[PDB]
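Heads up: the structure comes next, in structure tokens.
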Protein chains: 2
Amino acid sequence: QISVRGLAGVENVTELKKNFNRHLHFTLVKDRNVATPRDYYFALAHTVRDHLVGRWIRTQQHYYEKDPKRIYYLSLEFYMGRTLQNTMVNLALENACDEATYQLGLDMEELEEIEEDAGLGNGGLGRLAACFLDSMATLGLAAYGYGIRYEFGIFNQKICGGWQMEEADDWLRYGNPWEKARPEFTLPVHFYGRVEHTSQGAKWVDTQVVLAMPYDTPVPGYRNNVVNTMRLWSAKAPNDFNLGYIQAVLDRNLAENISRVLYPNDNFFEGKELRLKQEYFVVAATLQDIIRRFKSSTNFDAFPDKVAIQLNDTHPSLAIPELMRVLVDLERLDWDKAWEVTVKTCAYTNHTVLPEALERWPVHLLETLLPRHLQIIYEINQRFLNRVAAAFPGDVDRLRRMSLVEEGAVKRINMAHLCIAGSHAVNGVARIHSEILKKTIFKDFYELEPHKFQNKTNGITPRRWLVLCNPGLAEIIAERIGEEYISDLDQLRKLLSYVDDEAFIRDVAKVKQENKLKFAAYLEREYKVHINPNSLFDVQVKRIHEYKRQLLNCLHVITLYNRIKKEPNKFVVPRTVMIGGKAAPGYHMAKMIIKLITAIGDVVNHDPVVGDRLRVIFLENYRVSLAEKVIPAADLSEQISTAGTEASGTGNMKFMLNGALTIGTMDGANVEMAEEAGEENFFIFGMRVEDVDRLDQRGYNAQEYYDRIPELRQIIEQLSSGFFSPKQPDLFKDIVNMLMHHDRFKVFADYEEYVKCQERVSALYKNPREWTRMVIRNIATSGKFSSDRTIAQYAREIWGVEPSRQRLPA
Amino acid sequence: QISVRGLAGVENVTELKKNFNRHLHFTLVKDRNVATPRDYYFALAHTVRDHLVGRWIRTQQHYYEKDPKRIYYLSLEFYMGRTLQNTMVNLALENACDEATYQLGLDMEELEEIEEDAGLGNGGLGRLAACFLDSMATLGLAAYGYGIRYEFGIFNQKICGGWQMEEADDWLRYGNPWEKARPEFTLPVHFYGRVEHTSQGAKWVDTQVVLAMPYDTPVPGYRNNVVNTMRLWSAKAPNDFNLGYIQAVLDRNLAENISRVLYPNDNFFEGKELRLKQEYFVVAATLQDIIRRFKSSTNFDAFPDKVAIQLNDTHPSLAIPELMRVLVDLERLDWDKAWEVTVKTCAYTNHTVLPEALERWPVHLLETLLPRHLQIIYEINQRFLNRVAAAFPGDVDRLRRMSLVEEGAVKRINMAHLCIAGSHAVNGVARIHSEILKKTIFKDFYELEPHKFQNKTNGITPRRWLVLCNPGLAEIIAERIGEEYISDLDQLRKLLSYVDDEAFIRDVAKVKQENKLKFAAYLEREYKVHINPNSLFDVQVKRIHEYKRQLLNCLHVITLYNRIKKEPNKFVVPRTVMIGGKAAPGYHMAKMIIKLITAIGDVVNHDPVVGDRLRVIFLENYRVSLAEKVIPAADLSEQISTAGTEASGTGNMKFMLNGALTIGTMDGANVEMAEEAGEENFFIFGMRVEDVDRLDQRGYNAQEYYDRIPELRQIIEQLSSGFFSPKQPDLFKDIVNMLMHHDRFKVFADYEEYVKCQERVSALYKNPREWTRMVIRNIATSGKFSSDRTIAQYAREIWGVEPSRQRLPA
Ligand SMILES: O=C(N[C@@H]1O[C@H](CO)[C@@H](O)[C@H](O)[C@H]1O)c1ccc(-c2ccccc2)cc1
Ligand SMILES: O=C(N[C@@H]1O[C@H](CO)[C@@H](O)[C@H](O)[C@H]1O)c1ccc(-c2ccccc2)cc1
Ligand SMILES: *Cc1c(COP(=O)(O)O)cnc(C)c1O
Ligand SMILES: *Cc1c(COP(=O)(O)O)cnc(C)c1O
């Protein structure tokens with residue numbers, strides 16, 4: 001149908017159809033009289049997986065022969081989404097499969113919708129891991145994703161009476177055709193025990209054993225025939241476990257609970273034992289695998305020449321003392337040499353700014369669970385603090401601040417401090433964030449070891465986030481400038497010479513309109529709610545958190561509603577305001593915010609005076625596959641975190657790539673985005689970081705804004721009085737209370753500038769041609785935010801490997 | 001190589017090799033440089049499964065079009081063993097696969113050994129279910145096996161210091177290629193709740209839901225292209241289950257524990273709630289499936305014309321009140337019509353004689369778990385007892401004896417009484433057993449409804465138990481009389497005209513010798529123990545139970561040892577005595593018997609005066625695939641249960657088919673076996689049933705035998721004094737105590753006749769030609785004990801369907 005989706009050759013189509021029918025018959029054990037659409041999806045999925053297999057085998061063979069330096073991306077989260085369409089895109093198979101399935105009387109798009117998301121992540125950090133795997137394969141890096149195969153991913157969100165209800169994401173119920181169990185590579189992981197000291201050093205004994213069984217998932221690069229591996233570990237009990245009889249067999253589940261469920265918190269540390277077990281489990285099994293692969297290339301001096309281990313936040317920070325344990329206790333290297341190897345191997349990416357997001361594990365937990373690792377940590381700390389003392393003699397406070405061990409009622413290990421000490425590189429995820437790490441959060445560490453601190457600004461894969469989710473936009477771009485941009489996104493700058501081309505202006509606006517019609521129809525069939533597709537699509541999608549300030553958006557929504565009610569016969573630009581995201585099950589305030597959003601919708605969407613001029617929709621179950629639908633349909637991207645709180649953001653980049661304008665603060669990657677596009681093509685508002693600090697010094701008094709802004713006072717009275725909750729008039733008194741007395745994120749401080757900037761957006765939307773010309777300037781300068789750029793920088797400045805765009809043989 | 005294993009055509013072999021390599025590449029994602037032998041097995045298993053698929057689809061299609069009466073075999077146990085070789089045999093693929101694999105440089109026999117047994121059964125009852133499925137497919141019956149897919153089957157037995165240790169049978173660790181998950185046919189099963197009575201009858205409400213997910217396994221008939229289905233249910237939690245958050249997800253395991261593990265007791269009732277849940281789970285899910293299939297053929301009068309439900313013991317007896325519940329509460333039939341339908345649909349096979357084997361469920365358990373079923377049971381009982389009263393007016397004792405409800409400290413439901421009341425047929429499993437049911441155990445029920453009681457003598461499939469496990473014997477038979485006997489085992493009578501043919505005598509003895517050499521070598525490689533293969537192979541394999549009298553065998557073994565030590569320079573026929581079997585984990589006495597066996601071995605096998613004349617081997621981990629090796633190697637089959645205690649036995653039949661002579665009591669099917677072969681070709685000894693009764697009436701005094709038999713007294717003193725346990729002299733005092741004061745099974749009463757009969761066996765073994773002529777007379781009259789005969793009788797006399805040997809099209 002469209003060029004970027006590849007060729008549908010007569011021999012390709014014939015062979016796909018034949019293999020589809022072979023899989024339906026032999027693999028699925030169905031004929032066409034009893035086949036459900038689910039069977040059709042599985043037949044297609046198996047048919048496409050078959051095209052991966054030879055490339056996957058030959059790529060793993062190639063790495064054995066060449067023996068390149070190997071990159072191990074350790075993460076507790078991989079937010080992969082669906083695999084079928086992505087696999088088709090990267091193998092140039094999409095049109096051929098479309099044609100093949102069409103000839104069998106099937107709609108491929110309908111079959112694609114049957115696939116479960118692999119929702120093994122919470123949000124940005126997990127999705128970054130996924131984009132990164134794609135980019136590493138596309139740049140021909142010998143890279144391995146290592147994580148946990150959770151039986152239950154991020155929960156499925158249902159809305160019941162406007163409240164979030166959580167249900168279990170049983171994503172493996174029907175089978176995962178993309179994974180391959182590798183039970184032959186099963187490895188023991190140890191827990192508990194105690195440490196004996198002998199003649200020949202320390203010995204970790206009397207441990208409980210849990211087995212780690214790996215599952216391999218292919219990660220195809222973009223049309224280069226490279227297929228890398230994501231290896232996810234599953235927990236299995238050994239067969240002698242607890243071995244009255246029946247109960248011993250049933251208790252096998254205690255050990256297997258390790259890989260049962262993803263912890264569903266965004267930027268919040270919960271110090272639970274099960275979570276610690278997950279962290280050690282992935283680290284122990286992965287390091288044995290890395291070391292085994294290294295011995296099949298005595299001499300651990302070459303280990304950092306052949307191995308790079310990237311730590312995706314502190315969640316796998318135990319890799320550091322585990323590598324030390326293996327090298328010292330098992331391989332019998334002296335401490336100093338082992339430490340040299342460890343520091344040169346490991347690198348740490350920080351994603352965090354809020355102090356409640358930092359992992360600080362109670363010492364009593366580590367003492368019980370990982371007694372040897374605690375000893376190694378203490379030894380690391382002592383030696384580290386001796387360097388600090390020698391560099392800053394007499395600075396006793398610095399010693400206390402920099403310690404890996406925090407004193408207090410409960411002693412804790414600061415895992416971030418551990419990562420900095422034991423890594424040769426520490427990076428933030430956007431320029432402003434990496435600067436904040438150097439200036440404030442890790443200032444002391446920066447002064448000791450300035451050379452460690454880098455920036456690597458985040459990115460997104462333009463395969464999933466453009467070609468896959470927005471084929472129509474990809475095509476019109478490809479008509480003008482060719483297909484090379486898909487793996488070299490900087491080439492989008494060539495679109496700047498089309499900013500005054502009427503045909504291209506018309507095509508860009510037409511694709512957007514088509515995407516809005518398609519998303520409006522999706523809301524009709526799946527959720528039975530009607531939206532005006534001529535309205536401006538004002539979208540805020542991301543996890544629900546106070547720092548992300550969905551509440552600021554709510555205040556604007558209510559402001560528009562009250563303005564309409566005040567002057568009902570005045571023209572306003574119509575809006576559909578869509579807000580979506582999951583709240584962590586324990587985060588009471590996030591759950592109240594969801595309830596406020598749906599309660600606003602209950603008033604606004606049923607007011608006959610409003611009409612189709614304003615609609616508020618809570619998008620249920622926001623996940624990777626919903627982002628693929630809603631982002632291409634958006635006009636306005638809401639990126640409105642309090643300055644200094646969003647480390648980078650990546651949603652922001654997805655929207656920029658797909659033809660939405662951005663309203664946002666100078667936070668995270670918004671700053672770099674505005675810099676690339678020009679500030680005049682960005683709706684910037686609010687306090688800068690420096691303004692937030694000035695406010696903190698003198699003190700944030702929310703009452704002052706309430707006293708001075710009549711429009712704001714009205715909204716607070718409506719919330720307080722039960723205007724949005726007539727049956728329970730005090731329902732939202734916690735939200736009012738927080739805003740007035742305990743707001744860490746200064747919602748009122750940015751209110752006035754936000755509402756005003758929102759008026760400028762509405763004004764620009766009245767002029768479709770100039771709106772679209774500004775959109776083109778955004779898309780045209782989105783190139784920097786390809787994860788290919790990001791990974792090339794990791795590769796050159798941290799891992800010490802050159803990326804390649806050369807194809808392996810087919 | 002040999003004719004009964006089928007043709008190895010050039011096109012067959014070429015196509016198998018090509019598909020083996022396709023599966024190795026695409027299915028397993030390996031090349032030949034990294035493939036483990038496990039991969040080779042899986043590639044072969046997938047290659048063979050592909051030949052099942054079209055027949056399986058076409059057979060299920062054929063049953064939809066013809067709409068024959070359907071047989072549902074409900075069992076909590078299916079002891080299937082390995083599937084690969086059986087599938088090859090029944091598809092005539094064995095030689096072609098042998099050739100194909102040989103040309104790829106692989107030994108098929110080595111690959112076969114990698115397959116895990118499906119050990120979803122304890123012993124005879126479970127193995128009967130498996131043989132029956134094979135026979136039902138071979139006789140072209142529209143039959144379905146329904147059970148539970150246990151994650152852990154019968155435990156793997158290890159011997160440690162002569163003691164049994166149990167470990168978990170993690171048979172699904174590497175995947176089961178033979179099953180096909182059918183998540184689309186998932187069904188709810190209810191537990192707990194309470195009963196509301198309304199205008200429109202009873203309503204079972206406030207229940208907990210567990211999902212039943214079916215897995216289908218193909219059951220090929222012998223070369224008829226029929227492939228029937230075994231459907232096993234797995235327990236799954238619903239996604240709203242317990243839905244703080246993390247704990248709710250982890251608690252999903254409580255519901256899924258239902259299908260976790262097989263209860264490992266042989267002829268012993270343990271009234272545990274989890275076991276009751278298993279029984280209801282298989283019954284509820286199966287009956288919904290039966291009813292759904294029946295509605296795709298209002299009118300439940302035709303239900304017994306289209307459905308037969310066979311109850312394999314009382315374990316699925318809840319089918320009776322569940323069928324009533326569905327018909328009365330959900331379909332709104334009146335009670336009497338529903339009961340007519342139920343009785344005509346259901347039939348009950350009894351396997352039991354010992355009172356501790358009968359299921360008697362406490363009323364408080366049923367009250368909590370299945371409150372509606374308890375009501376239905378009470379109503380069934382009341383109406384049943386009104387019939388008894390009217391037929392036997394004034395016989396108050398009969399009412400008490402026949403009640404489904406047993407009075408006592410704890411009130412109980414007798415499930416056997418329920419089965420008799422609610423079934424149109426009740427059968428025992430051998431003639432003597434079925435007579436004992438009529439004369440003693442269910443005498444009262446027989447007097448009420450004589451027409452219900454039948455016999456169906458057990459059998460064994462000669463596919464697995466001859467062609468598969470003893471190809472060499474099958475071949476020499478086939479040289480003389482052709483291949484037709486494999487599905488018409490009565491044809492073995494033609495071998496009686498070869499009883500004086502020297503060539504056939506030599507061939508029969510040669511095959512036996514080859515099998516003994518092969519089994520002797522197996523003990524060498526896998527268990528490092530050396531046996532004289534010129535010795536008589538004296539084998540007792542079966543579960544460890546007091547009633548089976550392994551202890552009687554031990555007494556004989558010790559007798560021979562003491563006779564040798566008394567007169568060391570006298571000739572004795574050499575013996576290897578092999579005893580094998582698992583003890584139930586809680587059965588202390590069974591575990592002591594294992595320990596005694598290995599302790600006898602410790603003395604006997606290391607005495608230099610004994611030499612290779614006597615060896616005692618405990619065969620570890622007795623299971624279906626070990627029976628396939630040891631049974632063809634046996635000379636003497638030990639079937640020595642106290643008369644009246646072994647309902648049938650089936651091991652006995654396996655040995656007779658494979659060229660062993662039998663030493664045994666007139667118990668179970670031994671009686672019919674001796675009758676078929678002639679008593680002169682059988683080593684019969686001991687008390688008959690009538691003799692046991694005479695002993696019980698006057699009282700069993702073990703001391704009397706101890707006082708009168710010097711050889712027995714010596715053995716008891718050796719056990720008591722620590723002769724077999726020098727380090728713990730009192731180790732076996734529980735065994736001595738039981739034998740002397742509390743022996744239910746009268747071991748000493750049969751001792752003298754057993755030892756004497758054992759001397760006659762030794763005498764016949766000195767004359768190889770006459771030994772082999774007697775063997776031929778046994779094999780030649782083993783035809784009756786084909787499960788094909790057994791199933792044809794179930795079919796005609798209980799289910800009302802004609803078996804067919806006509807082939808479906810290929
Ligand atoms: O997703 C996260 N962070 C996001 O990372 C992306 C990618 O760099 C940034 O764009 C974004 O600004 C930032 O918020 C995240 C971080 C820590 C935990 C966590 C988990 C367990 C315990 C403690 C914290 C859970 C989630
Ligand atoms: O395997 C069994 N019985 C055997 O059945 C075969 C086939 O008919 C006969 O040849 C043999 O004589 C007889 O012993 C068996 C019966 C009940 C339970 C059981 C399970 C749970 C609770 C209570 C009893 C467990 C096992
Ligand atoms: C990109 C993405 C995120 C992260 O978005 P932010 O706006 O950076 O928080 C979260 N969830 C999903 C499903 C995504 O696709
Ligand atoms: C046939 C068989 C049995 C039953 O044997 P009995 O001698 O009748 O108890 C038990 N276990 C296995 C593995 C079998 O093959």
Side-chain angles (χ1 to χ4, degrees), chain A residues 76-77 79 81 117 119 121-131 154 263 265-271 275 312-315 349-354 356-359 428-430 433 458 460 464-465 540-543 545 547-548 581-582 622-628 631 637 639 641 645-655 667-669, chain B residues 76-77 79 121-129 263 265-271 275 312-315 349-354 356-359 428-430 433 458 542-543 545 547-548 641 645-652 667-669:
Chain A
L76 270 281
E77 298 185 17
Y79 213 169
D117 288 46
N122 276 285
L125 174 153
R127 180 60 233 175
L128 194 75
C131 287
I154 189 71
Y263 273 79
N265 306 314
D266 193 269
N267 291 267
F268 188 74
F269 177 61
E270 218 186 315
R275 173 58 178 211
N312 199 25
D313 219 278
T314 58
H315 313 149
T349 303
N350 180 280
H351 300 263
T352 53
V353 25
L354 301 180
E356 71 271 20
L358 294 179
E359 293 189 293
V429 290
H433 176 241
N458 282 344
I460 47 151
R464 183 176 297 274
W465 299 115
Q540 193 181 13
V541 291
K542 53 191 68 249
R543 291 291 295 268
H545 204 301
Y547 89 81
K548 289 163 177 295
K582 295 169 179 184
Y622 181 61
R623 64 193 181 286
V624 166
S625 68
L626 191 54
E628 290 166 358
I631 289 167
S637 173
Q639 309 297 336
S641 52
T645 67
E646 192 74 273
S648 174
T650 55
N652 52 5
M653 299 164 196
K654 298 165 197 178
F655 284 101
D667 200 19
Chain B
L76 270 281
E77 298 185 17
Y79 213 169
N122 276 285
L125 174 153
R127 180 60 233 175
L128 194 75
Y263 273 79
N265 306 314
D266 193 269
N267 291 267
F268 188 74
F269 177 61
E270 218 186 315
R275 173 58 178 211
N312 199 25
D313 219 278
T314 58
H315 313 149
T349 303
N350 180 280
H351 300 263
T352 53
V353 25
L354 301 180
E356 71 271 20
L358 294 179
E359 293 189 293
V429 290
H433 176 241
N458 282 344
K542 53 191 68 249
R543 291 291 295 268
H545 204 301
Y547 89 81
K548 289 163 177 295
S641 52
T645 67
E646 192 74 273
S648 174
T650 55
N652 52 5
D667 200 19

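Because only heavy atoms are used, hydrogens play no part in the values below, and waters and symmetry mates are left out as well, while side chains stay in. Sequence lines set the chain letters: A, B, ... in the order given, protein chains first and strands last, and positions in each chain run from 1. Atoms within each ligand, like the ligands themselves, are counted from 1 in listed order.
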Audit row: A/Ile154, A/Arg543, side-chain contact (heavy atoms from CB on, under 4.5 Å) steps and yes/no: CA-CA 11 Å; A/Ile154 189 71; A/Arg543 291 291 295 268; 3.7 Å; yes

Per-ligand residue contacts, ligand 3, heavy-atom threshold under 4.0 Å: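 Ligand 3 pocket, heavy atoms under 4.0 Å: A/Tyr79, A/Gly123, A/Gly124, A/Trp465, A/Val541, A/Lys542, A/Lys548, A/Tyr622, A/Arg623, A/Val624, A/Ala627, A/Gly649, A/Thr650, A/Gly651, A/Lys654.
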
The test is side-chain contact (heavy atoms from CB on, under 4.5 Å); show your working for A/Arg623 and A/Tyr79 and say whether it passes. CA-CA 9 Å; A/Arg623 64 193 181 286; A/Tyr79 213 169; 4.1 Å; yes

Might you work through the side-chain hydrogen bond (donor to acceptor under 3.5 Å, both in side chains) test for A/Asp667 and A/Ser641, ending with a clear yes or no? CA-CA 7 Å; A/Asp667 200 19; A/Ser641 52; 2.5 Å; yes

For [X] and [Y], indicate whether the former's side chain and the latter's backbone hold a donor-acceptor pair under 3.5 Å.
{"X": "B/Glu356", "Y": "B/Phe269", "value": "no"}
{"X": "A/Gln540", "Y": "A/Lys548", "value": "yes"}
{"X": "A/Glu359", "Y": "A/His315", "value": "yes"}
{"X": "A/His433", "Y": "A/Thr645", "value": "no"}

Picking from B/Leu76, B/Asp266, B/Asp313, what satisfies side-chain contact (heavy atoms from CB on, under 4.5 Å) with B/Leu125?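 That would be B/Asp313; it is the only one of B/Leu76, B/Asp266, B/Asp313 passing the side-chain contact (heavy atoms from CB on, under 4.5 Å) with B/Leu125.
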
Under the criterion side-chain contact (heavy atoms from CB on, under 4.5 Å), which of B/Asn267, B/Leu128, B/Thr314 is the partner of B/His351?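 The single option meeting the side-chain contact (heavy atoms from CB on, under 4.5 Å) with B/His351 is B/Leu128.
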
Could you please provide the protein residues found below 4.0 Å of ligand 2 on a heavy-atom basis, arranged by chain and number?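 Residue list for ligand 2: B/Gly124, B/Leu125, B/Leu128, B/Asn265, B/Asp266, B/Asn267, B/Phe268, B/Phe269, B/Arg275, B/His315, B/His351, B/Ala357, B/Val429, B/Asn458, B/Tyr547, B/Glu646, B/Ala647, B/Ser648, B/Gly649, B/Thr650.
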
